[PDB]
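Just one chain is shown here, as structure tokens, and it is the form deposited in one PDB entry.
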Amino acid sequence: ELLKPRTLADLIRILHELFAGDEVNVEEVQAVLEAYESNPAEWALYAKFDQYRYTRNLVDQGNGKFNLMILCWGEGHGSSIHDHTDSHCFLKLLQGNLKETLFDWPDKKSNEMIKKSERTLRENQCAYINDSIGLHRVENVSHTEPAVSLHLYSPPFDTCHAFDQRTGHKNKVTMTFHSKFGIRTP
């Protein structure tokens, strides 16, 4: 039974229920994420920005079934074109806007990567990606508004690949956290 999450903490409780089993109902997870109305006071603890690039701030480890984190994007900050390591990846905007660009998996031949489509994700919207859908890049293209997003990955993963837009070549990246449970990482 899917109910509206009243707060971020309630959302987390609901997610624990939805991930209690071995599979994931993507549409249900997306619907509950979308139903949570961002409340900046509830997530201020996690919204730790860096001058130079976006930050990843761990919120919950999902009893091992998922990682829930908050990403903080300064003006002009963006990601690589990347995959999601055979995991489900949900992204919900909590503040601002992000541009998501979709790309196809590269051919083995070196070529300029093919941009499929683009969209602007607005406050409170929840998007979904997985490797079967394709690759993506996420960027805060704003000059004036920092963005904050809530990401859920299941199973958790700590490495992925970044892809060179000019060639399709991939490199393994290890993801790092800026903070965990509100506490800065050393």
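The numbering used is simple: start at 1 and walk along the sequence shown. Throughout, rigid core stands for the largest set of C-alpha atoms superposing within 1.5 Å between the two forms.
Open item on the list: After superposing on the rigid core, which of 114 to 122 and 145 to 153 has its C-alpha atoms sitting farther from this form in 4 other deposited structures of this protein?
Closed with: Farther on average in 4 other deposited structures of this protein: 114 to 122.
Open item on the list: Mean CA temperature factor from the deposited coordinates, higher in 101 to 109 or in 79 to 87?
Closed with: Result of the comparison: 101 to 109.
Open item on the list: Test of understanding: from the entry's C-alpha B-factors, which stretch has the higher mean, 154 to 162 or 113 to 121?
Closed with: Looking at the recorded C-alpha B-factors, 113 to 121 comes out higher on average.
- [ ] Ordered by C-alpha B-factor within the chain, which third holds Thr7? Give me lowest, middle or highest, please.
- [x] Middle third - that is where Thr7 ends up once the chain's C-alpha B-factors are sorted.
TODO: Within this chain's modelled residues, let me know which third the CA B factor of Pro146 belongs to: lowest, middle or highest.
DONE: Its C-alpha B-factor belongs to the lowest third of this chain's values.
TODO: Tell me, lowest, middle or highest third: where does the Cα B factor of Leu18 rank within its chain?
DONE: Answer is middle: the recorded C-alpha B-factor places it there.
Open item on the list: Taking only the Cα B-factors deposited for this chain, tell me whether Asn130 sits in the lowest, middle or highest third.
Closed with: Its C-alpha B-factor, which the entry lists for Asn130, ranks in the middle third among residues of this chain.
TODO: Report the third (lowest, middle or highest) to which the CA temperature factor of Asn140 belongs, ranking only the modelled residues of the same chain.
DONE: Ranked within chain, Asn140 CA B lands in the lowest tercile.
Another form, the form deposited with a small molecule bound, is not on view; read the next lines as being about it.
- [ ] Check each of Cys72, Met113, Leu94, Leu91 and return the one that places a heavy atom within 4.5 angstroms of the small molecule in the bound PDB entry.
- [x] If I apply the 4.5 Å criterion carefully, the residue I get is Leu91.
Task: Candidate from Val29, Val59, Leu135, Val138 lying within 4.5 Å of the small molecule in the bound PDB entry - any heavy atom - done: Checked against the cut-off, the match is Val138.
Task: Candidate spot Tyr54, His82 and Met175, all three touching the small molecule in the bound PDB entry (heavy atom, 4.5 Å) - done: Yes: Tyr54, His82 and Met175 each sit within 4.5 Å of the small molecule in the bound PDB entry.
Open item on the list: I'd like to know whether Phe66 contacts the small molecule in the bound PDB entry, with contact meaning heavy atoms within 4.5 angstroms.
Closed with: Output for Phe66 is no: heavy atoms all beyond 4.5 Å of the small molecule.
Task: Partner proximity in the bound PDB entry: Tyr153 to the small molecule, non-hydrogen atom cutoff 4.5 Å - done: Yes, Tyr153 sits close enough to the small molecule in the bound PDB entry that at least one of its heavy atoms falls within 4.5 Å.
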